[PDB]
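Going in written order, the chains are labelled A, B, C, D, E, F and G, and every chain counts its residues from 1.
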Amino acid sequence: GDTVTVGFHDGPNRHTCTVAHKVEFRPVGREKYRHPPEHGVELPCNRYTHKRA
Amino acid sequence: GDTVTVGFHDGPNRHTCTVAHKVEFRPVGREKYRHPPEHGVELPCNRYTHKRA
Amino acid sequence: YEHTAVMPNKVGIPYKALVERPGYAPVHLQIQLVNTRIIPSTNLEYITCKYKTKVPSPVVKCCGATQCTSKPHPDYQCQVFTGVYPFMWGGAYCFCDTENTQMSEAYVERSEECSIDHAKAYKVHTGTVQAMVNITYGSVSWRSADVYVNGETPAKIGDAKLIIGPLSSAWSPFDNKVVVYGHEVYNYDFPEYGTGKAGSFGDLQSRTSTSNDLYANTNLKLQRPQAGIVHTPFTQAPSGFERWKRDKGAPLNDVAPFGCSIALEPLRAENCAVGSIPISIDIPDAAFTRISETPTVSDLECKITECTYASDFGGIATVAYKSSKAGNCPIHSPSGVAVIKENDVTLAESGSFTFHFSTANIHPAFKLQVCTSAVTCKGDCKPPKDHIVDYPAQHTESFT
Amino acid sequence: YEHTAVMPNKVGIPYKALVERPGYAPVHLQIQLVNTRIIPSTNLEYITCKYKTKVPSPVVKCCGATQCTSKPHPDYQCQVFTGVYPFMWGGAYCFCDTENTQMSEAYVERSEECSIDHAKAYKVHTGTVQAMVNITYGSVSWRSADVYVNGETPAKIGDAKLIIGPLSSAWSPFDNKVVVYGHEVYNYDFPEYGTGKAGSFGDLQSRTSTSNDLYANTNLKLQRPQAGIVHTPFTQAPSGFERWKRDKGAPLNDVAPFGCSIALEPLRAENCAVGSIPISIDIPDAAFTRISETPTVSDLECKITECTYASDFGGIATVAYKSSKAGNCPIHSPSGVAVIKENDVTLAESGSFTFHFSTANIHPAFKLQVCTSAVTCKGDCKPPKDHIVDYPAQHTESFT
Amino acid sequence: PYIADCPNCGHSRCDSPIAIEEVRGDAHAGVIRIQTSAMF
Amino acid sequence: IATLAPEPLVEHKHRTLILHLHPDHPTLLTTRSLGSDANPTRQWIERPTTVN
Amino acid sequence: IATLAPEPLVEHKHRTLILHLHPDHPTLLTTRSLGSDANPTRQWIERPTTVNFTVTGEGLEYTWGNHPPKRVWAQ
């Protein structure tokens, strides 16, 4: 996405926040997808964790 | 967007309406963005008002 | 019997030489240079990575100036600004209107990805190449040992003592200057630590990941925030680590010459098939069989039957073995024309046993040394049809 | 104004070049290559040290044989022995008299000194030389920064950006193969890991101190204990680390050429005075003084008064300064004949001030550039008497 | 939960508690790590 | 509130501007050699490019 | 706590160090003519000995035992 656009809903109001940021997702590999598939080989990508510890 | 797609929700039904229209947003400037940023110079764009008066 | 042998550098194929010790029975070799991992001498010059303009929160003095100082942060860009009216949650808050001062400061810092996703420069010298040479020797039938190339190093793993190289083919596929990224290695003339032009590769240049000091030519230029609102215009080149990932060059494991593969591991360049290696072994004399115990095979005859003018061991030839005793008989073609799949052939009392081989000359006139009995296996060969699979066993092309 | 300058590699003496920027006032240099520490590319090949025949306690079977096996300890020498009657505290104890068997076993092991008192081999490549270059620049008057030699590296420590080398004098005083011991470094053709003849250097050859595996050619030969008594004759060469400490060769910090010192530290070879270095600096333009603010000094006169044909700054010369303003005036002899102690001279309105220098030609006809005013300080010099102290400031010997 | 000045907060520059700084579309897995000024 | 492209990297040569350049988005660069010979140039730049 | 050999007697000559020398114990003396021609010397000295060293123009260094290394301008 050209931008990033964030927001919750308190309940009385939308109350969001939005920003510019150049985003892309190349997967690691000589394939230039636009999105991760369900299958294919695994290989060493860079990525953030689920966790807090 | 290639199209424009409008709609409210009365509450019992979606009840929307949609249409074709070629849309783009060039910002005024020699930069061909896809979206307005948070910063940068101000310069004389064309734009519609918030108001009714 | 210290069997010196010049030997082609090529990885995935044995080199079944023959020990011609005068006095006892000869013994075949099977020298397969399973690897040619290199590990040149190198130096970590600087990690680079994409910056992060981790802005320290600007000062806002409400009526009058706040002179900035040049703090020692890397690329500590700081510029005082006046003429604001900063809307912060209550409209503006500073009651003046021009004496409202805003001091923006921003320095460059290693990303969190710098630790992990980071290019890596090197000044690369030549170092010393290695190999996990298998020899399924003689009747020993096994040793898979890691060795060197420098021509006085033995490696007594198994029972045999073996001295390798130095190879003549000193092409380090690495250039002098190299950049490295995860696994893709780039023989790139990185500018240097301390210099890299902003936007260009190495805008951030940290010695290592821990190194708090660095060189950040990012052309970071702060601009004044707009229309009396709190924020920090940082105008900056996205990194030369951002590019160099999508306007880069191709990797040396995809552009090298003379047949190499690469790893972000000890910085080896595996399996570089080029030139020859003067290899010499001191066999254990116990492994020898004395000459008076192997059958003498002479008064024989050899002939091809279906010679395949090819790479895979398609060439075959019956041999009218004329033995004295019965048993094993190591074999080899001392001429490099023919490469043979069988090191050893079993023999009854003067039978016949075909072997497999491969050649490159239409009329293969190669000697065959069946345990001290030479013979010309002259004949003629046929071209194949089916040539799209990995690398050959023939490796003997010459004038034909 | 990026002041390129070829520059002799010599450690303990400044090189006060002069910035001739067209347009603003010139500025002197003072480039003192305080160090030339080298740090070639190297590889720890194997530590050696003296063995310790840490004998495992032999077996004594009392009636019949105990076959030994070749345990994998380094140089595991073990030999069964019969025909004993082992006196152990009660006379003998095994009641037989020939079936009394004794199995002696001994392996080689790193000494405890191997960790700490140990020679250390290396395969030594060339690497990249360094320096803590002081420049007490201009009016900046200080920067003492660590730099490199590779001719695109800056080091923006202070305010000036400076690019050094590559030097032309590639004599690495280290040879290819080097042994190292504590501080005394020996450019020795160590045989190799895995090979060293017993008694000769490297009888023990461990990759590192931790490395449990090694190569121990010590010629360890057990002999049978005497006359029915418990002990373990181990007949062995005392180490090639024992010798190599009292029948060795001399150290490279005592036999090197072209003037080097050494450390067991990053394996540098300090202060190697040889050849020249093409050095180039980008001064901060702020440090310049514009030309219209320094006094113009022309219509002057220069003459020696007591020129000393020597190394120490014994040469002197008054100068009939003929200034316009009054202030400082940087000075230098663009000819390398004369080396001057004073970078800068203060000036009243057209006074006179002697400086100090040193030359090598009997008739020193050297120009002197007193802040954009040249002058020949022609004259004649006198030889000294008192030549036994450290190294010169003259370093300009040529045809005279 | 910090509150800062969102740049195009629906209409224009408001002061949202979820004011977005440090967008990081630098990984590969379809993922972005974001900081709101809000501490949920 | 409008656009702005990241600053250029000015590089000197003899009567020649090398410019290593690196935008955010496609940027129309253009010039005017102020001689009565105009000799202008136009090119949208989205891919980072060293120009002259 | 370690060794030290008695100081030398430095004597000047033309590009030459005469050194009347007189140790306590056998002392390994050695030098390094700092030209790219090293021309070093080694000799254990236990007997007192007047020695000589052809010093060059650029310099020599001198190591009276574990006493620190000296250096010399002989122009």
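We take it that a residue touches a chain if its C-beta (ideal position, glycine included) is under 8 Å from a C-beta of that chain, and two chains touch if they have at least 3 such contacts.
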item: Shared chain contacts [subunit D and subunit E, defined touch]; value: C
item: Most distant chain from subunit D, judged by the mean position of its C-alpha atoms; value: B
item: Core chain by centroid distance, with centroids computed from Cα atoms only; value: C
item: Of D-G and C-F, pair with higher C-beta contact tally; value: D-G
item: Subunit A and subunit E: spacing of chain centres that average the CA atoms, whole Å; value: 14
item: Distance from subunit G to subunit F - Cα centre to Cα centre, in angstrom; value: 68
item: CA centroid of subunit D to CA centroid of subunit F, Å; value: 50
item: Approximate Å spacing (C-alpha centroids) for the pair subunit C, subunit E; value: 44
item: Interface hub residues of subunit F, defined as touching at least two other chains; value: 1, 4, 24
item: Contacts with 2+ other chains: residues of subunit C; value: 113, 117, 226, 231, 238
item: Residue ranges of subunit C in contact with subunit A within the complex; value: 113, 116-117, 182-183, 238, 246
item: Of all residues in subunit A, those that touch subunit B in their complex; value: 2-3, 19-20
item: Subunit B partner contacts - residues on subunit C that touch it in the complex; value: 223, 226, 231, 233
item: Residues of subunit A defined as touching subunit E within the complex; value: 4, 6-8, 14-28, 35-36, 45-48
item: Parts of subunit G lying in touch with subunit D, wherever the complex brings them together; value: 10, 12, 17, 30-32, 34-38, 40, 42, 57-59, 63, 71-75
